[PDB]
>>> print(open('query.txt').read())   # compact mmCIF, C-alpha atoms and all ligand atoms
# COMPACT_ATOMS: atom_id res chain seq x y z
CA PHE A 1 9.93 -11.71 2.70
CA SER A 2 7.87 -11.69 -0.53
CA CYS A 3 4.84 -9.87 -1.92
CA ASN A 4 2.77 -10.07 -5.05
CA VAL A 5 0.04 -8.12 -6.92
CA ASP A 6 -3.06 -9.92 -8.28
CA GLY A 7 -1.36 -13.28 -7.98
CA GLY A 8 1.66 -12.25 -10.17
CA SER A 9 5.22 -13.29 -9.56
CA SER A 10 6.92 -12.68 -6.26
CA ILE A 11 8.56 -9.31 -5.40
CA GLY A 12 11.43 -8.78 -2.99
CA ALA A 13 11.88 -4.95 -3.26
CA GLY A 14 11.48 -2.05 -5.70
CA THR A 15 8.61 -0.21 -7.39
CA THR A 16 5.51 -2.01 -8.64
CA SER A 17 2.42 -0.54 -10.42
CA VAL A 18 -0.98 -1.56 -8.83
CA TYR A 19 -4.00 -1.20 -11.15
CA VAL A 20 -7.40 -0.52 -9.47
CA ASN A 21 -10.91 -0.01 -10.93
CA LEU A 22 -12.62 3.01 -9.44
CA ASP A 23 -16.18 4.44 -9.53
CA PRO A 24 -16.27 6.48 -12.75
CA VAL A 25 -18.43 9.33 -11.27
CA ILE A 26 -17.94 11.06 -7.82
CA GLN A 27 -19.84 14.19 -6.23
CA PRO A 28 -18.32 17.18 -4.29
CA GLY A 29 -17.38 16.25 -0.68
CA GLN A 30 -17.94 12.52 -1.47
CA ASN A 31 -15.19 10.18 -0.59
CA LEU A 32 -13.39 7.89 -3.03
CA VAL A 33 -12.08 4.52 -1.59
CA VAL A 34 -9.24 2.50 -2.91
CA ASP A 35 -9.03 -0.95 -1.22
CA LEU A 36 -5.51 -2.27 -1.72
CA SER A 37 -6.11 -5.39 0.41
CA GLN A 38 -7.73 -6.94 -2.70
CA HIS A 39 -4.52 -6.55 -4.73
CA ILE A 40 -1.39 -6.82 -2.70
CA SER A 41 -0.45 -9.81 -0.49
CA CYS A 42 2.82 -10.64 1.41
CA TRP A 43 4.26 -13.58 3.25
CA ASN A 44 7.21 -14.87 5.32
CA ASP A 45 9.49 -16.97 3.15
CA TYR A 46 10.26 -19.57 5.89
CA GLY A 47 7.11 -19.79 8.10
CA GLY A 48 6.78 -20.72 11.74
CA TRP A 49 7.76 -17.22 13.07
CA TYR A 50 11.39 -18.32 12.86
CA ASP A 51 12.64 -15.12 11.16
CA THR A 52 9.66 -12.80 11.61
CA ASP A 53 9.12 -9.90 9.15
CA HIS A 54 8.13 -6.47 10.39
CA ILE A 55 6.50 -4.11 7.91
CA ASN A 56 5.27 -0.51 8.08
CA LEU A 57 4.42 2.36 5.74
CA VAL A 58 6.80 5.29 5.50
CA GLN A 59 6.83 9.08 6.03
CA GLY A 60 6.56 10.94 2.81
CA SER A 61 4.18 8.52 1.03
CA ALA A 62 2.03 10.94 -0.91
CA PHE A 63 -0.35 11.73 -3.77
CA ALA A 64 1.38 12.13 -7.12
CA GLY A 65 1.10 14.88 -9.78
CA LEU A 67 -3.24 15.33 -6.99
CA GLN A 68 -1.07 17.00 -4.31
CA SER A 69 -3.90 19.41 -3.39
CA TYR A 70 -6.09 16.46 -2.46
CA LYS A 71 -7.10 15.53 1.10
CA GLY A 72 -6.79 12.02 2.25
CA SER A 73 -6.60 9.35 4.79
CA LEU A 74 -4.86 6.04 4.81
CA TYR A 75 -6.20 3.05 6.77
CA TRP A 76 -3.31 0.77 7.77
CA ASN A 77 -3.63 -2.22 10.08
CA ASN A 78 -6.69 -0.86 11.86
CA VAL A 79 -5.53 2.79 12.21
CA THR A 80 -6.37 5.89 10.16
CA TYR A 81 -3.55 8.28 9.39
CA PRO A 82 -3.75 11.59 7.55
CA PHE A 83 -2.42 11.20 4.01
CA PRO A 84 0.15 12.24 2.87
CA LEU A 85 2.02 10.40 5.64
CA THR A 86 3.93 12.85 7.82
CA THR A 87 5.14 9.92 10.08
CA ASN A 88 5.72 6.17 9.80
CA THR A 89 2.75 3.84 10.54
CA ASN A 90 2.41 1.09 13.14
CA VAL A 91 4.23 -2.23 12.37
CA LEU A 92 2.59 -5.41 11.04
CA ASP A 93 4.37 -8.65 11.93
CA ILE A 94 4.41 -11.46 9.30
CA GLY A 95 5.67 -14.89 10.34
CA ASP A 96 3.70 -17.36 8.28
CA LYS A 97 4.28 -18.68 4.74
CA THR A 98 0.66 -17.80 3.90
CA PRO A 99 -0.09 -14.78 1.81
CA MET A 100 -1.58 -12.06 3.99
CA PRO A 101 -3.54 -9.30 2.19
CA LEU A 102 -1.99 -5.96 3.14
CA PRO A 103 -4.60 -4.23 5.37
CA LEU A 104 -4.42 -1.00 3.49
CA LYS A 105 -7.12 1.38 2.13
CA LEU A 106 -6.73 4.92 0.74
CA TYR A 107 -9.51 7.52 1.14
CA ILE A 108 -9.42 10.44 -1.27
CA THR A 109 -11.34 13.70 -1.23
CA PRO A 110 -10.73 15.80 -4.33
CA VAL A 111 -10.31 19.63 -4.12
CA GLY A 116 -14.49 17.67 -14.43
CA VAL A 117 -11.84 14.88 -14.57
CA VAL A 118 -10.54 14.23 -11.08
CA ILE A 119 -8.39 11.10 -11.77
CA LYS A 120 -7.00 10.25 -15.25
CA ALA A 121 -6.79 6.60 -16.32
CA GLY A 122 -3.20 5.40 -16.27
CA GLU A 123 -1.66 8.22 -14.22
CA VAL A 124 -0.01 7.46 -10.91
CA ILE A 125 -2.37 8.67 -8.18
CA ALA A 126 -0.29 7.82 -5.08
CA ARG A 127 3.16 6.47 -4.21
CA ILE A 128 3.16 4.35 -1.13
CA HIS A 129 6.50 3.55 0.52
CA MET A 130 6.60 0.34 2.56
CA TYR A 131 9.58 -0.87 4.64
CA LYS A 132 10.47 -4.36 5.73
CA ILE A 133 13.06 -5.60 8.16
CA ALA A 134 13.15 -9.08 9.76
CA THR A 135 14.54 -10.43 13.05
CA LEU A 136 17.82 -12.46 12.43
CA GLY A 137 21.23 -11.06 11.41
CA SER A 138 20.94 -7.54 10.02
CA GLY A 139 17.24 -8.18 9.25
CA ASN A 140 17.92 -7.68 5.46
CA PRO A 141 15.88 -4.48 5.15
CA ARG A 142 13.99 -3.89 1.88
CA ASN A 143 12.06 -0.96 0.48
CA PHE A 144 8.90 -1.36 -1.69
CA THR A 145 7.01 1.40 -3.55
CA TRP A 146 3.49 0.74 -4.64
CA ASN A 147 2.44 3.07 -7.48
CA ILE A 148 -1.30 3.18 -7.35
CA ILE A 149 -2.90 3.65 -10.82
CA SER A 150 -6.57 3.72 -11.96
CA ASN A 151 -7.70 1.68 -14.98
CA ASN A 152 -10.40 4.35 -15.72
CA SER A 153 -10.92 8.09 -15.37
CA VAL A 154 -13.03 9.40 -12.52
CA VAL A 155 -15.16 12.50 -13.19
CA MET A 156 -17.07 14.95 -11.00
CA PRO A 157 -20.09 16.86 -12.61
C1 LIG B 1 19.03 -15.68 3.83
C2 LIG B 1 18.25 -15.38 2.56
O1 LIG B 1 18.57 -14.55 1.71
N1 LIG B 1 17.14 -16.07 2.43
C3 LIG B 1 16.24 -15.96 1.31
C4 LIG B 1 14.87 -15.53 1.89
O2 LIG B 1 14.89 -14.20 2.53
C5 LIG B 1 14.64 -14.02 3.82
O3 LIG B 1 13.33 -14.39 4.33
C6 LIG B 1 13.10 -14.24 5.73
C7 LIG B 1 11.61 -14.57 6.00
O4 LIG B 1 10.76 -13.89 5.11
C8 LIG B 1 13.46 -12.81 6.18
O5 LIG B 1 12.62 -11.83 5.55
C9 LIG B 1 14.93 -12.56 5.82
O6 LIG B 1 15.35 -11.27 6.20
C10 LIG B 1 15.21 -12.69 4.35
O7 LIG B 1 16.63 -12.76 4.11
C11 LIG B 1 13.85 -15.55 0.77
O8 LIG B 1 14.15 -14.43 -0.08
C12 LIG B 1 13.84 -16.87 -0.02
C13 LIG B 1 12.80 -16.83 -1.14
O9 LIG B 1 12.69 -18.18 -1.63
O10 LIG B 1 15.16 -17.19 -0.53
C14 LIG B 1 16.12 -17.28 0.52
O11 LIG B 1 15.66 -18.27 1.42
>>> encode(input="query.txt", output="structure tokens")
Amino acid sequence: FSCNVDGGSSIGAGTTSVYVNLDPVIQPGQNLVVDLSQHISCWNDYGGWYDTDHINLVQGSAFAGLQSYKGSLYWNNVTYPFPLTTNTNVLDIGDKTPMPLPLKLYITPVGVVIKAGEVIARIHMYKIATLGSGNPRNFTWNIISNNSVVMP
């Protein structure tokens, strides 16, 4: 199983930083959206559903540093409160075609709300396949804004 970020080189496990551009001004009660489906893609390394990969997001994925913030996480058509207090539903990947991860993060903050370059969220993703032991792998996506976000 492989992933990549903005068409970079392939990733088998571990922590990767994911840089997003955000709206530089937000208002109280307004909701900030981070669409990760534009950035991260994954695929089956053999194709044909021969050794199918099963991926989900993991309990304990949270805001970093922004722990008082409210949020939601959209994953594979379902909305979960964020931070994740349970694992998400499983996405099956069997083709050698990069599939955008169907993942969005909704943030309600509660001056500068997000600093450029600071980790905003740490999202734990788990993979296991079908044959042998399934060769389980853990990925952490460190979500980071290219610009500060301010609220009047
Ligand atoms: C047996 C092995 O290590 N194979 C490598 C591939 O990994 C596997 O891929 C399948 C389908 O994605 C499944 O996830 C297995 O659990 C996993 O072992 C893959 O890493 C490729 C990359 O070119 O190299 C070997 O084929």
>>> closest_atom_pairs(input="query.txt", of="region 75-155 of chain A", to="region 65-71 of chain A", cutoff="8 Å", atoms="all atoms listed in the file", output="CSV")
residue,atom,partner,partner_atom,distance
A:83,CA,A:71,CA,7.0
A:108,CA,A:71,CA,6.1
A:109,CA,A:71,CA,5.2
A:110,CA,A:70,CA,5.0
A:111,CA,A:70,CA,5.5
A:124,CA,A:65,CA,7.6
A:125,CA,A:67,CA,6.8
>>> write_last_selection(input="query.txt", atoms="C-alpha atoms", output="short mmCIF file (atom, residue, chain, number, x, y, z; two decimals), keeping the file's coordinate frame")
data_model
loop_
_atom_site.label_atom_id
_atom_site.label_comp_id
_atom_site.auth_asym_id
_atom_site.auth_seq_id
_atom_site.Cartn_x
_atom_site.Cartn_y
_atom_site.Cartn_z
CA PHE A 83 -2.42 11.20 4.01
CA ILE A 108 -9.42 10.44 -1.27
CA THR A 109 -11.34 13.70 -1.23
CA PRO A 110 -10.73 15.80 -4.33
CA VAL A 111 -10.31 19.63 -4.12
CA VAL A 124 -0.01 7.46 -10.91
CA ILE A 125 -2.37 8.67 -8.18
#
>>> residues_near_ligand(input="query.txt", ligand="ligand LIG 1 (chain B)", cutoff="7 Å", atoms="only C-alpha atoms and all ligand atoms", output="list in words")
residues 1, 2, 12, 43, 44, 45, 46, 51, 52, 53, 133, 134, 135, 136, 139, 140 and 141 of chain A
>>> axis_aligned_box(input="query.txt", around="region 70-77 of chain A", padding_each_side="6 Å", output="AutoDock Vina command-line options")
--center_x -5.2 --center_y 7.1 --center_z 3.8 --size_x 15.8 --size_y 30.7 --size_z 24.5
>>> closest_residue(input="query.txt", among="A:94, A:64, A:130, A:32", to="residue 156 (chain A)", atoms="only C-alpha atoms")
A:32
>>> closest_residue(input="query.txt", among="A:106, A:55, A:60, A:33", to="residue 90 (chain A)", atoms="all atoms listed in the file")
A:55
>>> residues_near_point(input="query.txt", point="(8.4, 3.4, 2.3)", cutoff="8 Å", atoms="all atoms listed in the file", output="list in words")
residues 56, 57, 58, 59, 60, 61, 128, 129, 130, 131, 143, 144 and 145 of chain A
>>> residues_near_point(input="query.txt", point="(-1.9, -5.8, -1.4)", cutoff="10 Å", atoms="all atoms listed in the file", output="JSON, numbers by chain")
{"A": [3, 4, 5, 6, 7, 18, 35, 36, 37, 38, 39, 40, 41, 42, 99, 100, 101, 102, 103, 104, 105, 146]}
>>> residues_around(input="query.txt", residues="residue 153 (chain A)", least_positions_apart="3", cutoff="7 Å", atoms="all atoms listed in the file", output="list in words")
residues 24, 117, 119, 120 and 121 of chain A
>>> residues_around(input="query.txt", residues="residue 151 (chain A)", least_positions_apart="4", cutoff="9 Å", atoms="all atoms listed in the file", output="PyMOL selection string")
chain A and resi 19-22+120-123
>>> atom_distance(input="query.txt", atom1="CA of residue 155 (chain A)", atom2="CA of residue 25 (chain A)")
4.9 Å
>>> closest_residue(input="query.txt", among="A:8, A:16, A:98, A:73", to="residue 86 (chain A)", atoms="only C-alpha atoms")
A:73
>>> atom_distance(input="query.txt", atom1="CA of residue 137 (chain A)", atom2="CA of residue 88 (chain A)")
23.2 Å
>>> atom_distance(input="query.txt", atom1="CA of residue 63 (chain A)", atom2="CA of residue 148 (chain A)")
9.3 Å
>>> decode(input="query.txt", residues="region 74-101 of chain A", atoms="C-alpha atoms", output="JSON list (two decimals), in the first residue's frame")
[["chain", "number", "residue", "atom", "x", "y", "z"],
["A", 74, "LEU", "CA", -13.95, 15.24, 10.56],
["A", 75, "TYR", "CA", -15.62, 14.03, 7.34],
["A", 76, "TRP", "CA", -14.27, 10.59, 6.42],
["A", 77, "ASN", "CA", -15.64, 8.43, 3.61],
["A", 78, "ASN", "CA", -19.09, 10.01, 3.71],
["A", 79, "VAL", "CA", -19.50, 10.16, 7.53],
["A", 80, "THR", "CA", -19.03, 13.03, 9.99],
["A", 81, "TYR", "CA", -17.33, 12.24, 13.27],
["A", 82, "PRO", "CA", -16.71, 14.59, 16.18],
["A", 83, "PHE", "CA", -13.06, 15.66, 16.23],
["A", 84, "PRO", "CA", -10.92, 14.84, 18.17],
["A", 85, "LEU", "CA", -11.65, 11.20, 17.30],
["A", 86, "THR", "CA", -12.83, 9.29, 20.36],
["A", 87, "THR", "CA", -13.29, 6.09, 18.21],
["A", 88, "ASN", "CA", -11.92, 4.61, 14.99],
["A", 89, "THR", "CA", -13.69, 5.54, 11.70],
["A", 90, "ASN", "CA", -15.35, 3.29, 9.12],
["A", 91, "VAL", "CA", -12.98, 1.36, 6.75],
["A", 92, "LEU", "CA", -12.17, 2.31, 3.15],
["A", 93, "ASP", "CA", -11.15, -0.58, 0.89],
["A", 94, "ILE", "CA", -8.43, 0.06, -1.74],
["A", 95, "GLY", "CA", -7.79, -2.61, -4.37],
["A", 96, "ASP", "CA", -6.73, -0.74, -7.48],
["A", 97, "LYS", "CA", -3.31, 0.56, -8.56],
["A", 98, "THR", "CA", -4.90, 3.98, -9.21],
["A", 99, "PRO", "CA", -4.32, 6.78, -6.79],
["A", 100, "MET", "CA", -7.50, 7.42, -4.81],
["A", 101, "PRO", "CA", -7.78, 10.84, -3.10]]
